[PDB]
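So this block is work_29.cif, mmCIF, C-alpha atoms:
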```cif
data_upload
#
loop_
_atom_site.label_atom_id
_atom_site.label_comp_id
_atom_site.auth_asym_id
_atom_site.auth_seq_id
_atom_site.Cartn_x
_atom_site.Cartn_y
_atom_site.Cartn_z
CA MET U 1 14.23 -16.65 -15.83
CA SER U 2 12.86 -13.49 -14.05
CA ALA U 3 14.78 -10.75 -12.08
CA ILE U 4 12.16 -11.61 -9.44
CA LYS U 5 12.54 -14.71 -7.32
CA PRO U 6 9.64 -16.76 -5.87
CA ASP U 7 10.73 -15.60 -2.39
CA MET U 8 11.83 -12.00 -1.96
CA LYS U 9 12.74 -9.84 1.01
CA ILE U 10 11.33 -6.40 1.80
CA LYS U 11 13.11 -3.49 3.52
CA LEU U 12 11.43 -0.15 4.02
CA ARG U 13 11.56 3.16 5.80
CA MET U 14 8.61 5.54 5.93
CA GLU U 15 8.79 9.13 7.06
CA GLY U 16 5.73 11.31 7.30
CA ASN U 17 3.53 13.74 9.05
CA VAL U 18 -0.19 13.45 9.86
CA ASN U 19 -2.01 16.52 11.23
CA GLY U 20 1.39 17.92 12.20
CA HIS U 21 2.60 14.76 13.99
CA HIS U 22 5.97 13.59 12.59
CA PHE U 23 7.03 9.95 12.51
CA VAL U 24 9.56 7.50 11.12
CA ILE U 25 8.68 3.80 10.75
CA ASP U 26 10.90 0.96 9.53
CA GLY U 27 9.89 -2.34 8.07
CA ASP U 28 11.36 -5.74 7.30
CA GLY U 29 9.49 -8.54 5.61
CA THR U 30 9.19 -11.19 2.97
CA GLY U 31 6.83 -12.13 0.22
CA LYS U 32 5.95 -14.39 -2.66
CA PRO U 33 5.53 -12.22 -5.77
CA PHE U 34 3.93 -14.93 -7.91
CA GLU U 35 1.43 -15.88 -5.16
CA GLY U 36 0.46 -12.27 -4.47
CA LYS U 37 1.39 -12.41 -0.76
CA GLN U 38 3.60 -10.35 1.51
CA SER U 39 4.10 -9.82 5.21
CA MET U 40 6.27 -7.50 7.20
CA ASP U 41 7.21 -6.41 10.69
CA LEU U 42 6.97 -2.63 11.16
CA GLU U 43 8.48 -0.65 14.01
CA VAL U 44 7.87 3.01 14.84
CA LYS U 45 11.28 4.61 15.38
CA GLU U 46 10.36 8.25 15.97
CA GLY U 47 7.15 9.95 17.00
CA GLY U 48 5.54 7.11 18.94
CA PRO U 49 3.06 6.50 20.34
CA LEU U 50 1.37 7.62 17.13
CA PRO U 51 -1.59 9.89 17.93
CA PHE U 52 -3.64 8.67 14.96
CA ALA U 53 -4.96 5.38 13.64
CA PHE U 54 -2.14 3.17 12.32
CA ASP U 55 -4.58 1.75 9.79
CA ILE U 56 -4.36 4.88 7.59
CA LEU U 57 -0.70 4.05 6.88
CA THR U 58 -0.98 0.38 6.02
CA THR U 59 -1.53 0.48 2.26
CA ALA U 60 1.55 2.66 1.97
CA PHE U 61 3.62 -0.18 3.52
CA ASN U 62 4.17 -2.80 -3.65
CA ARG U 63 2.02 -4.31 -6.40
CA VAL U 64 4.85 -6.62 -7.44
CA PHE U 65 3.23 -8.81 -4.77
CA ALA U 66 0.11 -9.48 -6.81
CA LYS U 67 -0.77 -12.70 -8.60
CA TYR U 68 -1.18 -11.84 -12.31
CA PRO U 69 -2.71 -14.27 -14.79
CA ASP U 70 -1.06 -14.69 -18.18
CA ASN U 71 -3.80 -12.70 -19.97
CA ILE U 72 -3.03 -9.43 -18.11
CA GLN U 73 0.24 -7.51 -18.60
CA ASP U 74 2.09 -7.41 -15.25
CA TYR U 75 3.48 -3.89 -15.27
CA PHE U 76 5.05 -4.30 -11.84
CA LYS U 77 7.09 -7.41 -12.44
CA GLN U 78 8.12 -6.01 -15.86
CA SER U 79 9.46 -2.86 -14.04
CA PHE U 80 12.34 -4.83 -12.42
CA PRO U 81 15.26 -4.79 -12.02
CA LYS U 82 15.17 -0.93 -12.24
CA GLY U 83 11.94 -0.56 -10.30
CA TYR U 84 8.99 1.79 -10.23
CA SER U 85 7.34 4.44 -8.12
CA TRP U 86 3.81 5.22 -7.10
CA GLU U 87 1.92 8.24 -5.80
CA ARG U 88 -1.39 7.82 -3.97
CA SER U 89 -4.12 10.10 -2.74
CA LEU U 90 -6.43 8.96 0.10
CA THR U 91 -9.59 11.09 0.28
CA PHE U 92 -11.74 10.42 3.35
CA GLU U 93 -15.41 11.23 3.78
CA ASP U 94 -14.84 13.74 6.63
CA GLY U 95 -12.30 15.84 4.73
CA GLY U 96 -9.12 14.07 5.81
CA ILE U 97 -6.68 13.83 2.93
CA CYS U 98 -3.41 11.98 2.57
CA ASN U 99 -0.75 11.88 -0.11
CA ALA U 100 1.75 9.04 -0.09
CA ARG U 101 4.56 7.91 -2.33
CA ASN U 102 6.94 4.99 -2.62
CA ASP U 103 10.06 4.62 -4.73
CA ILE U 104 10.77 0.91 -5.08
CA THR U 105 14.15 -0.53 -6.01
CA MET U 106 15.58 -4.02 -6.00
CA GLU U 107 19.03 -4.96 -4.74
CA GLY U 108 19.55 -8.66 -5.18
CA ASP U 109 16.76 -10.55 -3.42
CA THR U 110 15.40 -7.49 -1.62
CA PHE U 111 12.92 -4.80 -2.54
CA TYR U 112 13.79 -1.46 -0.94
CA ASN U 113 11.05 1.06 -0.31
CA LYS U 114 11.47 4.81 0.26
CA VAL U 115 8.02 5.72 1.55
CA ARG U 116 6.57 9.13 2.41
CA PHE U 117 3.15 9.75 3.93
CA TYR U 118 1.50 13.12 4.53
CA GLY U 119 -1.96 13.59 5.97
CA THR U 120 -3.91 16.65 6.94
CA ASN U 121 -7.40 18.01 7.55
CA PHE U 122 -8.43 15.12 9.79
CA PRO U 123 -11.00 16.39 12.29
CA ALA U 124 -9.61 16.25 15.83
CA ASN U 125 -12.86 14.55 16.92
CA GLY U 126 -12.83 11.99 14.02
CA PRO U 127 -12.03 8.32 13.97
CA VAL U 128 -8.46 8.72 12.70
CA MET U 129 -7.34 11.19 15.37
CA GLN U 130 -9.38 9.37 18.06
CA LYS U 131 -8.02 5.92 17.09
CA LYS U 132 -11.45 4.33 16.46
CA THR U 133 -10.60 2.26 13.38
CA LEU U 134 -10.67 -1.53 13.24
CA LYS U 135 -9.53 -2.60 9.72
CA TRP U 136 -9.71 -1.89 6.01
CA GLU U 137 -12.44 -3.79 4.25
CA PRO U 138 -11.27 -6.02 1.38
CA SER U 139 -11.58 -4.20 -1.90
CA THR U 140 -10.98 -4.21 -5.61
CA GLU U 141 -8.69 -1.74 -7.40
CA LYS U 142 -9.69 -0.74 -10.94
CA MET U 143 -6.54 -0.35 -13.06
CA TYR U 144 -6.64 1.67 -16.26
CA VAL U 145 -4.66 4.24 -18.22
CA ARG U 146 -5.39 8.00 -17.55
CA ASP U 147 -3.42 10.75 -19.30
CA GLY U 148 -0.96 8.01 -20.46
CA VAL U 149 -0.18 6.77 -16.82
CA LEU U 150 -1.24 3.55 -15.17
CA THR U 151 -3.83 4.51 -12.58
CA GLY U 152 -5.65 2.48 -9.93
CA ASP U 153 -8.83 3.56 -8.18
CA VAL U 154 -10.36 2.05 -5.05
CA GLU U 155 -13.59 3.02 -3.27
CA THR U 156 -13.31 1.40 0.14
CA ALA U 157 -13.77 2.01 3.84
CA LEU U 158 -12.34 1.49 7.26
CA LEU U 159 -14.57 -0.44 9.64
CA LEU U 160 -14.93 1.59 12.84
CA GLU U 161 -15.99 0.68 16.30
CA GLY U 162 -19.80 0.59 16.67
CA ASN U 163 -20.90 -0.98 13.34
CA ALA U 164 -19.96 2.11 11.26
CA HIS U 165 -17.76 2.51 8.20
CA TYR U 166 -15.53 5.44 7.26
CA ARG U 167 -15.25 5.81 3.50
CA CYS U 168 -12.02 6.50 1.61
CA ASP U 169 -11.30 6.84 -2.10
CA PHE U 170 -7.82 5.94 -3.28
CA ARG U 171 -6.21 7.00 -6.54
CA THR U 172 -2.71 5.72 -7.31
CA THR U 173 -0.47 6.47 -10.27
CA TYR U 174 2.26 3.94 -11.06
CA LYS U 175 5.34 4.69 -13.18
CA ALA U 176 8.12 2.29 -14.24
CA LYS U 177 11.58 3.73 -14.03
CA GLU U 178 12.56 2.25 -17.42
CA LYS U 179 11.47 4.00 -20.53
CA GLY U 180 9.39 1.61 -22.54
CA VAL U 181 7.62 -0.73 -20.12
CA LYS U 182 4.35 -1.31 -21.87
CA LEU U 183 1.21 -0.27 -20.06
CA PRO U 184 -1.30 -2.96 -19.31
CA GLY U 185 -4.89 -3.07 -20.43
CA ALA U 186 -7.52 -2.23 -17.86
CA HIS U 187 -8.13 -4.88 -15.20
CA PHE U 188 -8.91 -5.41 -11.52
CA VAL U 189 -6.80 -6.25 -8.46
CA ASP U 190 -8.64 -7.80 -5.51
CA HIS U 191 -6.80 -7.22 -2.27
CA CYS U 192 -7.02 -7.64 1.43
CA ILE U 193 -4.69 -6.00 3.96
CA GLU U 194 -4.61 -7.11 7.60
CA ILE U 195 -2.77 -6.24 10.79
CA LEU U 196 -1.93 -9.75 12.00
CA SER U 197 -0.49 -8.62 15.35
CA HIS U 198 0.54 -5.47 17.17
CA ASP U 199 1.77 -4.10 20.50
CA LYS U 200 -0.01 -1.58 22.79
CA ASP U 201 0.34 1.64 20.83
CA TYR U 202 1.06 0.01 17.47
CA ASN U 203 4.83 0.61 18.11
CA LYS U 204 5.26 -2.80 16.46
CA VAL U 205 2.87 -4.19 13.80
CA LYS U 206 2.87 -7.32 11.70
CA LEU U 207 1.15 -6.56 8.37
CA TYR U 208 -0.07 -8.94 5.65
CA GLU U 209 -1.47 -8.32 2.18
CA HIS U 210 -2.86 -10.67 -0.46
CA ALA U 211 -3.58 -9.37 -4.00
CA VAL U 212 -4.85 -11.11 -7.14
CA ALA U 213 -5.31 -9.48 -10.54
CA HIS U 214 -8.24 -10.53 -12.71
CA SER U 215 -10.47 -9.44 -15.56
CA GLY U 216 -13.83 -9.65 -13.75
CA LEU U 217 -14.77 -13.19 -14.87
CA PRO U 218 -15.15 -16.37 -12.76
CA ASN U 219 -12.69 -17.80 -15.37
#
```
Please express what this file holds, its structure, as C-alpha cells.
Amino acid sequence: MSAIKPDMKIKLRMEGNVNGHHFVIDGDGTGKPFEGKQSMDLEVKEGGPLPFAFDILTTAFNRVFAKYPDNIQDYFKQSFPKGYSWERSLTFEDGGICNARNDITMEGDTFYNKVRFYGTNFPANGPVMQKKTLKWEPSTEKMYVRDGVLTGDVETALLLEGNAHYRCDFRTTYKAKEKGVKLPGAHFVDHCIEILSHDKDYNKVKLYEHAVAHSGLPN
C-alpha cells in the first residue's frame, strides 16, 4: 500500500523571468504515476502574451509520473509522502541558458509544485525570442549518481520551423526531502512531452508527458 495512488491530481504555480520578461503561470492536472503519464491545463496569469516560445517552459511543468520496472529503484515514488526537489539547467546551442527548479509536495491525492524558471542570454533574433519552435523531440534521460546526487542528463532539441533543430542539453539534480532515500543505480528514462492544445498566444496550454524507465534492453 503506497502513499501514491494510481490516479493523482497535480496543482502548480510557476513564476519566472526570461530575457527580462516576468510571468506567472498556474496549472491543474492529473496523472497515473504507475503508467508514467500526466496531463495538465496551464494558464498564464501575469505577463501574457509571453514574448518567447512556450516550449522552453514545458519540461519544468515531476518524475513520479514515470513507469519504473521492478529492477530499477524508483527514487521518486520512494520520496513520498515528504517529497523531493529538482534543479535543472537548460543549455541551448546559441547561448541561451535557463535554470529551473521545482519543490514537489503531496497533500492527500494532490502533488503541489512550486516552480521557478529563469532564462537569459537568448539572442533577440533567435528561435526562442522569435517564437519559431514547434516541439521537443522525444528523448532519453541518462540517470546516474554524480557527487553523491541523483543526476539526469538529456541531449535533445526543439524542432523549429523550416526543417531545422535547435539543440539543448539538460542536466537535472534530484534530491529527496527525507534523509535516507536510497539512490538508484544508473538507468534511462524515455520521455515524450507534447502540447496537446493551446490558444492564440499560448495563454492556455494543455500539456502531456509520458515517461518510462528502463535499463537499455529490449527486455
**Message:** Can you translate the PyMOL selection byres ((chain U and resi 115) around 7) into the concrete residues it hits in this file, as a PyMOL selection string?
**Reply:** chain U and resi 13-15+101-103+113-114+116-117
Next, write the just-selected residues to a file, as a PDB file, keeping the file's coordinate frame, keeping C-alpha atoms as the atom set.
```
ATOM      1  CA  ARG U  13      11.560   3.160   5.800  1.00  0.00           C
ATOM      2  CA  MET U  14       8.610   5.540   5.930  1.00  0.00           C
ATOM      3  CA  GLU U  15       8.790   9.130   7.060  1.00  0.00           C
ATOM      4  CA  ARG U 101       4.560   7.910  -2.330  1.00  0.00           C
ATOM      5  CA  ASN U 102       6.940   4.990  -2.620  1.00  0.00           C
ATOM      6  CA  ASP U 103      10.060   4.620  -4.730  1.00  0.00           C
ATOM      7  CA  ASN U 113      11.050   1.060  -0.310  1.00  0.00           C
ATOM      8  CA  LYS U 114      11.470   4.810   0.260  1.00  0.00           C
ATOM      9  CA  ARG U 116       6.570   9.130   2.410  1.00  0.00           C
ATOM     10  CA  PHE U 117       3.150   9.750   3.930  1.00  0.00           C
TER      11      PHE U 117
END
```
**Request:** For each of U:90, U:181, U:207, U:186, take the minimum atom-to-atom distance to residue 158 (chain U), counting all atoms listed in the file, then give the residue where this is smallest.
**Result:**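 Of U:90, U:181, U:207, U:186, the one nearest residue 158 (chain U), counting all atoms listed in the file, is U:90.
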**Message:** Need to verify the contact set: residue 144 (chain U), 8 Å, all atoms listed in the file, exclusion of same-chain residues closer than 4 positions in sequence. Can you return it as number ranges by chain?
**Reply:** U: 150-152, 184-187
**Asked** Applied to this file, what does the PyMOL selection byres ((chain U and resi 193) around 8) return in terms of residues, put as a ChimeraX atom specification?
**Response** /U:58-59,136,138,191-192,194-195,207-210
**Item:** Residue nearest residue 167 (chain U) among U:135, U:179, U:9, U:146 (counting only C-alpha atoms)
**Value:**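 Once distances to residue 167 (chain U) are computed over only C-alpha atoms, the minimum belongs to U:135.
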**Request:** Find the distance between CA of residue 36 (chain U) and CA of residue 188 (chain U) and write it in Å to one decimal.
**Result:** 13.6 Å
**Who sits within 9 Å of residue 153 (chain U), all atoms listed in the file, same chain under 3 positions skipped, as a list in words** =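 Answer for this query is residues 140, 141, 142, 143, 144, 169, 170, 171 and 172 of chain U.
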**Request:** Go through U:83, U:47, U:162, U:180 and flag the residue nearest residue 18 (chain U), using only C-alpha atoms for the distances.
**Result:**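 Comparing U:83, U:47, U:162, U:180 against residue 18 (chain U), the winner is U:47.
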